[PDB]
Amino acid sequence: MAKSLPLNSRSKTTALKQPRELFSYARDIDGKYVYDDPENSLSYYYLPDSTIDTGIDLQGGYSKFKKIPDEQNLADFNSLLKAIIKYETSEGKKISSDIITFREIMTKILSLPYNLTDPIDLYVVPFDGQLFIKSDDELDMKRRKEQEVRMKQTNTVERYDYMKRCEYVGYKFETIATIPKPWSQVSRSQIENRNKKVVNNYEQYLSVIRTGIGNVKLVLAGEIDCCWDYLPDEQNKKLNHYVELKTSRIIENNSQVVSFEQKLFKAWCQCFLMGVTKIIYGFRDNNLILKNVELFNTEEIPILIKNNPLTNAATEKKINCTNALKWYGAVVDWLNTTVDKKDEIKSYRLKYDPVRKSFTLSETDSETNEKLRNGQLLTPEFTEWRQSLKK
């Protein structure tokens, strides 16, 4: 049985906390995490207009694509806690936050209002005065699986192959737009030979930030694509220099104008939540050749969506970013006023049910609440480490 939040809930408040990076960690070419010197894993954006003019083929190398199987690539709470231990150890203290979770989780919530057909299924878990929130993985995988089989069964073999190559365009773009070190420390041939480099999606640089909304405090782990220019030593300045990289088809008609608006909004959700101030889009034609690249400043995106004449639509259907924010804040304040964070015996389920227009918080089963507390979310080491701070 459930508590539910009217989908028309909107905070009035939106006092906004300035995001700040706490630490980072990484994943390597084989899937393994890395807690020491993760900065060695941070690439740097490098893609001069002159080179774009060469007409880079974003499907070069498709065949050799080194791709992590989906099950291995679910947002991993184990490594993150493991990462979190290291940093709290050093601080001599635990992170002040009302919530701790991956940021894709919050992106979905923040973007829900204009993505009303997309389910959301997550677990919520009280522990040490804080809420821990991971995604119902089982469910997720089973959808990706069944969505996969639809796409295969309802399309021609060529249309399916093309969709698969589009998925690769994203990684390939990241590969030919970044360099592993800054410009000063990299050779001219390391630069000119990126287009041959074998593409993988194993390697990741992950940042854990502290942020907040109204009077609630959040910690978000999320992936960062690269650094814009350089990475300052100064802690509270690092987020200002990351870039998100995306790619999109060139825009031909009005139908694509709105499709692009909706992508751009999603991306603004992700980056706003993370404090990433820069979004680059590489626009590629139907032969998956890169045509031009355009940088957006995150904080300007709301203004561009509001003022597009082509996409003036119905108030309830028009993307407004503030209105989503007011929704977001109304969500987290609900999570923050509904669960006794201190009561660490039961867990919950966040469900958004698209068919039933329901946003439900409901207590989980008892085995449920167990396995989350014993290895599925919380780990022996983290649980242990966290208690020993009062002892």
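In case it trips you up, residue 1 is the first one in the sequence shown, and so on.
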Quiz item: Higher mean Cα B-factor in the deposited model: 283-291 or 311-319?
Solution: 311-319
Quiz item: As stated in the PDB record, which stretch has the larger average Cα B-factor, 175-183 or 78-86?
Solution: 78-86
Exercise. Select one of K238, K108, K93, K134: the residue whose C-alpha shows the highest B-factor in the crystal structure entry.
Key: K93
Quiz item: Looking at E261, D118, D233, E252, which has the highest CA B-factor as recorded?
Solution: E252
Quiz item: By the record's CA B-factor, is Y242 among the lowest, middle or highest third of residues in the chain?
Solution: lowest
Self-check item: Third of the chain's Cα B-factor distribution that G212 belongs to, per the entry
Solution: middle
Quiz item: Should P113 be placed in the lowest, middle or highest third of its chain by the C-alpha B factor in the entry?
Solution: lowest
Quiz prompt | Record-listed C-alpha B factor of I191: chain third | solution = middle
Self-check item: Third of chain Cα B-factors occupied by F296
Solution: lowest
